Amino acid sequence: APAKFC
Amino acid sequence: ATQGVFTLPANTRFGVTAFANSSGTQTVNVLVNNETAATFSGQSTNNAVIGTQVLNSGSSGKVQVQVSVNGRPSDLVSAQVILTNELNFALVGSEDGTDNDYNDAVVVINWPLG
Amino acid sequence: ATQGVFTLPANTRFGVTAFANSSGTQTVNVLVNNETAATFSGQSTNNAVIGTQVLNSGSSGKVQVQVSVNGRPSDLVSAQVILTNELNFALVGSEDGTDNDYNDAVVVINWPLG
Ligand SMILES: *C(=O)C[C@@H]1O[C@@H](C)[C@@H](O)[C@@H](O)[C@@H]1O
Ligand SMILES: *C(=O)C[C@@H]1O[C@@H](C)[C@@H](O)[C@@H](O)[C@@H]1O
Ligand SMILES: [Ca+2]
Ligand SMILES: [Ca+2]
Ligand SMILES: [Ca+2]
Ligand SMILES: [Ca+2]
C-alpha cells in the first residue's frame with residue numbers, strides 16, 4: 001500500500 | 001493571476017463544500033484572514049463530498065481556498081458569480097495531474113446562509 | 001425567463017448536490033430528458049446537504065431542476081459558468097418565501113466527473 005508525499 | 005481568493009462581506013456565515021474526482025487523495029484547506037479555518041481530506045473519482053462546513057468570514061472578509069495532493073499544490077481556477085444581486089457562489093477547480101480536467105477537487109462556497 | 005434548465009453535452013455523467021437554508025422542507029427534482037431521475041428532500045437552516053448524486057445527461061443532454069416546498073413551486077434563479085473552458089458549473093437558487101435570500105434550496109451541478 002504505496003504511501004507518498006510531494 | 002491569483003486564484004482561490006475571495007472577499008466576502010465582513011462577519012458573514014458561508015458554506016464551504018469540497019468534492020473529489022481523482023485517484024489522488026485531495027487535501028483542501030480553507031483560510032479565513034490568512035488562518036487555516038478548515039481542512040478537508042478524501043479520495044474519490046465519483047464526485048464524493050469529502051467535506052462540508054459553515055465558517056464565518058470574520059472582520060477582513062478574506063477567504064482563501066488551497067488544494068494539495070500528497071502535499072503538492074494543485075493548479076487552481078476560480079470565479080465568483082452572483083444571482084439576482086443576492087445569492088453568492090465562489091467556485092474553485094483544481095488540477096493535480098496532466099490531463100487538465102480541473103475537477104480533481106472542486107470547491108464550492110455559498111452565501112448567505114439561513 | 002426560464003430558469004433551472006441546462007443543456008449538457010450528451011451522455012455525460014454529472015454531479016448534482018442540494019443545500020438547504022430554510023425552515024421549510026425542501027424538495028428538489030432533477031429531470032433528465034423531461035423524466036425524473038433524482039429527488040432530494042430535507043430541512044435545514046444551516047446549509048446542510050440534503051442530497052448528492054451522479055446522473056447521466058442521456059442522448060438529449062437536457063437537465064431540469066425543480067424545487068418545491070410542501071408541493072409549492074419555488075421561484076428559481078440560475079446560471080451556468082465555465083472555467084478554463086473545461087470545468088462546468090450549473091447553479092440554481094430558489095425562494096420559497098418573502099425575504100428573497102434565494103438560498104432556500106441551493107442546487108449545484110458540476111461536470112465533467114472522474
Ligand atoms: C491520477 O491521479 C490522475 C487523477 O485521477 C484520474 C483518475 C483523473 O480523475 C484525473 O483527472 C486526475 O488528475
Ligand atoms: C419563513 O418565514 C421563511 C423561510 O424560512 C426562513 C428560516 C428563512 O430561511 C427564509 O429565507 C425562508 O424563506
Ligand atoms: Ca486532473
Ligand atoms: Ca479528475
Ligand atoms: Ca427565502
Ligand atoms: Ca433562507
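These values consider heavy atoms only, across backbone and side chains, with no hydrogens, waters or symmetry-generated copies. Residue numbering restarts at 1 for every chain, and letters A, B, ... go by the order of the sequence lines. Remember, it's 1-based here, ligands and their atoms both numbered in the order they're listed.
Those atoms of ligand 1 that come under 4.0 Å of a heavy atom in B:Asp96, given as number and element, are 4 (C), 12 (C), 13 (O). Listed by number with element, the atoms of ligand 1 under 4.0 angstrom from any heavy atom of B:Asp101 are 11 (O). Atoms of ligand 1 lying under 4.0 Å from any heavy atom of B:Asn21, numbered from 1 in the order shown and given with element: 9 (O). Close contacts of ligand 1 with C:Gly114, meaning ligand atoms under 4.0 Å from a residue heavy atom, involve 9 (O). When each atom of ligand 1 is checked for a heavy atom of B:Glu95 under 4.0 Å away, the hits are 13 (O).
Nearest protein neighbour of atom 4 (C) of ligand 1, counting heavy atoms only, is B:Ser22 OG, 3.2 Å. The protein atom (non-hydrogen) at minimum distance from atom 10 (C) of ligand 1 is B:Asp99 OD2, 3.2 Å. What sits closest to atom 5 (O) of ligand 1 on the protein, heavy atoms only, is B:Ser23 N, 3.0 Å.
Of all heavy-atom pairs between C:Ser22 and C:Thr45, the closest is O-CG2, 3.2 Å. Pairing each heavy atom of C:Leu31 with each of C:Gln66, the nearest pair is CD1-OE1, 3.4 Å. Contact detail for B:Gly114 and C:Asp101: the closest heavy-atom pair is O-OD2, 3.1 Å.
Using a 4.5 Å heavy-atom threshold, the side chains of C:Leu113 and B:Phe19 count as separate. In this structure, the side chains of B:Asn88 and B:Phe14 stay at 4.5 Å or more apart for every pair of heavy atoms.
Between atom OG1 of residue B:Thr17 and atom CD of residue B:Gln53 there is a gap of 10.0 Å, rounded to the nearest 0.5 Å. Here CG of B:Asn21 is found 10.0 Å from CD1 of B:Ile50. Values are rounded to the nearest 0.5 Å. A distance of 12.5 Å separates CG in C:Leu55 from OG1 in C:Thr12, rounded to the nearest 0.5 Å. Residue C:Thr7 holds its OG1 atom at 8.0 Å from CD of C:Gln80, rounded to the nearest 0.5 Å.
With no hydrogens or angles considered, no side-chain donor-acceptor pair links B:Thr36 and B:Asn29 at under 3.5 Å.
Distances under 3.0 Å from the Ca ion (ligand 5) pick out the protein N/O/S atoms C:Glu95 OE1, C:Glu95 OE2, C:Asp99 OD1, C:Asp101 OD1, C:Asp104 OD1, C:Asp104 OD2.
Of the N or O atoms in B:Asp104, one or more lie within a sub-3.5 Å distance of an N or O in ligand 1.
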